[PDB]
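K.L.:
Got a file for you: coords03.cif, mmCIF, C-alpha atoms.
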```
data_data
#
loop_
_atom_site.label_atom_id
_atom_site.label_comp_id
_atom_site.auth_asym_id
_atom_site.auth_seq_id
_atom_site.Cartn_x
_atom_site.Cartn_y
_atom_site.Cartn_z
CA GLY A 1 -35.57 -72.45 0.79
CA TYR A 2 -37.88 -69.40 0.23
CA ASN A 3 -39.32 -69.14 3.76
CA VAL A 4 -37.82 -66.85 6.39
CA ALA A 5 -37.46 -66.25 10.18
CA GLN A 6 -38.94 -69.49 11.55
CA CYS A 7 -42.35 -69.47 9.80
CA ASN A 8 -43.98 -70.26 6.39
CA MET A 9 -43.91 -66.72 5.11
CA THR A 10 -41.39 -65.92 2.25
CA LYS A 11 -38.07 -64.03 2.07
CA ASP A 12 -39.53 -62.05 -0.92
CA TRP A 13 -42.70 -60.94 0.85
CA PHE A 14 -40.71 -59.93 4.07
CA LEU A 15 -38.39 -57.84 1.99
CA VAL A 16 -41.35 -56.16 0.10
CA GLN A 17 -42.87 -55.29 3.51
CA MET A 18 -39.73 -53.88 5.06
CA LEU A 19 -39.15 -51.66 1.92
CA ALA A 20 -42.77 -50.54 1.68
CA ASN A 21 -43.29 -49.83 5.50
CA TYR A 22 -39.77 -48.59 6.47
CA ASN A 23 -37.64 -48.36 3.32
CA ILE A 24 -34.97 -50.77 4.75
CA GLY A 25 -34.32 -53.36 1.79
CA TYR A 26 -31.09 -52.42 -0.13
CA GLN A 27 -29.09 -51.11 2.91
CA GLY A 28 -29.65 -54.39 4.89
CA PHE A 29 -32.13 -55.58 7.57
CA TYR A 30 -32.22 -54.06 11.12
CA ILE A 31 -34.86 -53.31 13.75
CA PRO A 32 -37.19 -50.50 12.49
CA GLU A 33 -37.52 -47.34 14.67
CA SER A 34 -40.32 -47.05 17.31
CA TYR A 35 -41.96 -43.93 15.91
CA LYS A 36 -42.39 -45.68 12.56
CA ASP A 37 -43.57 -48.89 14.08
CA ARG A 38 -47.25 -48.14 15.43
CA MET A 39 -50.60 -49.89 15.85
CA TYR A 40 -51.61 -50.61 12.16
CA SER A 41 -47.98 -51.09 11.01
CA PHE A 42 -46.78 -54.41 9.88
CA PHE A 43 -43.68 -55.30 12.14
CA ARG A 44 -45.39 -54.49 15.47
CA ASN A 45 -48.06 -57.28 15.09
CA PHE A 46 -45.76 -59.72 13.45
CA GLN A 47 -45.82 -62.84 15.50
CA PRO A 48 -44.12 -65.93 13.92
CA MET A 49 -44.63 -69.43 15.53
CA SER A 50 -43.46 -73.04 15.47
CA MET B 1 2.30 -38.13 11.36
CA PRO B 2 2.94 -39.67 7.95
CA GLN B 3 1.01 -42.90 8.33
CA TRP B 4 -1.91 -41.26 10.21
CA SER B 5 -2.33 -38.73 7.34
CA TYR B 6 -2.15 -41.62 4.80
CA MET B 7 -4.75 -43.76 6.60
CA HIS B 8 -7.07 -40.68 7.13
CA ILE B 9 -6.91 -40.81 11.00
CA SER B 10 -5.76 -37.17 11.21
CA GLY B 11 -4.93 -33.81 9.54
CA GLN B 12 -8.30 -33.14 8.00
CA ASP B 13 -12.06 -33.63 8.50
CA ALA B 14 -14.10 -36.41 6.86
CA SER B 15 -15.83 -33.98 4.41
CA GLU B 16 -12.47 -32.49 3.41
CA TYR B 17 -10.68 -35.53 2.01
CA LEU B 18 -13.55 -36.62 -0.31
CA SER B 19 -13.98 -35.17 -3.76
CA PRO B 20 -16.58 -32.31 -4.21
CA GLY B 21 -18.47 -34.34 -6.84
CA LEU B 22 -18.82 -37.35 -4.63
CA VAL B 23 -20.18 -35.34 -1.68
CA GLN B 24 -22.52 -33.48 -4.15
CA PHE B 25 -23.69 -37.04 -5.11
CA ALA B 26 -23.87 -38.49 -1.44
CA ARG B 27 -26.20 -35.55 -0.51
CA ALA B 28 -28.42 -35.98 -3.70
CA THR B 29 -28.78 -39.74 -3.27
CA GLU B 30 -29.33 -39.81 0.60
CA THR B 31 -33.18 -40.29 0.97
CA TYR B 32 -33.08 -43.63 -0.83
CA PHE B 33 -29.36 -44.61 -0.36
CA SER B 34 -27.18 -43.56 2.65
CA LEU B 35 -23.43 -42.97 2.08
CA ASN B 36 -22.45 -41.41 5.46
CA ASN B 37 -21.35 -44.75 6.98
CA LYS B 38 -18.84 -45.42 4.06
CA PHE B 39 -16.12 -42.92 5.27
CA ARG B 40 -14.58 -42.62 8.83
CA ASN B 41 -15.34 -39.51 10.98
CA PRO B 42 -12.26 -38.52 13.01
CA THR B 43 -12.68 -36.28 16.02
CA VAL B 44 -9.63 -34.72 17.81
CA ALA B 45 -9.54 -33.69 21.46
#
```
Turn this file's structure into structure tokens for me.

P.N.:
Amino acid sequence: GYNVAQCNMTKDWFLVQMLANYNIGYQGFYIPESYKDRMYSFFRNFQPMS
Amino acid sequence: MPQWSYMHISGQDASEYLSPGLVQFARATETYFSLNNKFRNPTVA
């Protein structure tokens, strides 16, 4: 029960990425801002599948 | 009113009922922990 958001990527890693790219972690998940979220940024190209 | 002043709806601004030390703290700790959303903002027409 360590995967997240309908794929095989982990809760831990997703959290590390939100904190590192956008500083979200300890104040709870929400959609990151547009200006932060650009071409080489993580969330923008994140495409989970089943 | 008595119960509006008690429940912080009116009489004063949001900054004015909090303690000076806590506000001093909220401003210092903001960049890595936000504390704005913890206290209601009342606005009076």

K.L.:
What are the residues of chain A lining chain B at 9 Å or less? Count all atoms listed in the file, and put the answer as an MDAnalysis selection string.

P.N.:
chainID A and resid 23 26:27

K.L.:
When you look at segment 10-18 of chain B with a cut-off of 10 Å (counting only C-alpha atoms), what residues show up, excluding the ones that are within fewer than 6 positions of it in the same chain? I need them as a PDB file with C-alpha atoms, in the coordinates of the input.

P.N.:
```
ATOM      1  CA  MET B   1       2.300 -38.130  11.360  1.00  0.00           C
ATOM      2  CA  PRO B   2       2.940 -39.670   7.950  1.00  0.00           C
ATOM      3  CA  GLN B   3       1.010 -42.900   8.330  1.00  0.00           C
ATOM      4  CA  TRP B   4      -1.910 -41.260  10.210  1.00  0.00           C
ATOM      5  CA  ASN B  36     -22.450 -41.410   5.460  1.00  0.00           C
ATOM      6  CA  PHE B  39     -16.120 -42.920   5.270  1.00  0.00           C
ATOM      7  CA  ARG B  40     -14.580 -42.620   8.830  1.00  0.00           C
ATOM      8  CA  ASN B  41     -15.340 -39.510  10.980  1.00  0.00           C
ATOM      9  CA  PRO B  42     -12.260 -38.520  13.010  1.00  0.00           C
ATOM     10  CA  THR B  43     -12.680 -36.280  16.020  1.00  0.00           C
ATOM     11  CA  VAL B  44      -9.630 -34.720  17.810  1.00  0.00           C
TER      12      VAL B  44
END
```

K.L.:
In Å, rounded to a single decimal, give me how far atom CA of residue 35 of chain A is from atom CA of residue 27 of chain B.

P.N.:
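Separation of atom CA of residue 27 of chain B and atom CA of residue 35 of chain A: 24.3 Å.
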
K.L.:
Show me, as a ChimeraX atom specification, the residues that have an atom within 12 Å of segment 29-32 of chain A when counting only C-alpha atoms, minus same-chain residues fewer than 2 positions from it.

P.N.:
/A:11,14-19,21-27,34-38,41-44

K.L.:
Please enumerate the residues selected by the PyMOL selection byres ((chain A and resi 48) around 10) when evaluated against the supplied file, formatted as an MDAnalysis selection string.

P.N.:
chainID A and resid 4:9 45:47 49:50

K.L.:
Output C-alpha atoms of each residue in that selection to a file, as a short mmCIF file (atom, residue, chain, number, x, y, z; two decimals), keeping the file's coordinate frame.

P.N.:
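The resulting file, part-v8.cif, is shown below:
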```
data_model
loop_
_atom_site.label_atom_id
_atom_site.label_comp_id
_atom_site.auth_asym_id
_atom_site.auth_seq_id
_atom_site.Cartn_x
_atom_site.Cartn_y
_atom_site.Cartn_z
CA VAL A 4 -37.82 -66.85 6.39
CA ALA A 5 -37.46 -66.25 10.18
CA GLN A 6 -38.94 -69.49 11.55
CA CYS A 7 -42.35 -69.47 9.80
CA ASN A 8 -43.98 -70.26 6.39
CA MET A 9 -43.91 -66.72 5.11
CA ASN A 45 -48.06 -57.28 15.09
CA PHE A 46 -45.76 -59.72 13.45
CA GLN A 47 -45.82 -62.84 15.50
CA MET A 49 -44.63 -69.43 15.53
CA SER A 50 -43.46 -73.04 15.47
#
```

K.L.:
Using all atoms of segment 26-42 of chain B that appear in the file, construct an axis-aligned enclosing box with 4 Å of padding on every side and provide its centre coordinates and edge lengths in Å, rounded to one decimal, as lines of an AutoDock Vina configuration file.

P.N.:
```
center_x = -22.7
center_y = -40.5
center_z = 4.7
size_x = 28.9
size_y = 17.9
size_z = 24.7
```

K.L.:
Grab the atom CA of residue 9 of chain B to atom CA of residue 26 of chain B distance for me, in Å with one decimal place.

P.N.:
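For atom CA of residue 9 of chain B relative to atom CA of residue 26 of chain B, the distance reads 21.2 Å.
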
K.L.:
Do you have the atom CA of residue 33 of chain A-atom CA of residue 1 of chain A distance handy?

P.N.:
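Computed distance, atom CA of residue 33 of chain A to atom CA of residue 1 of chain A, equals 28.8 Å.
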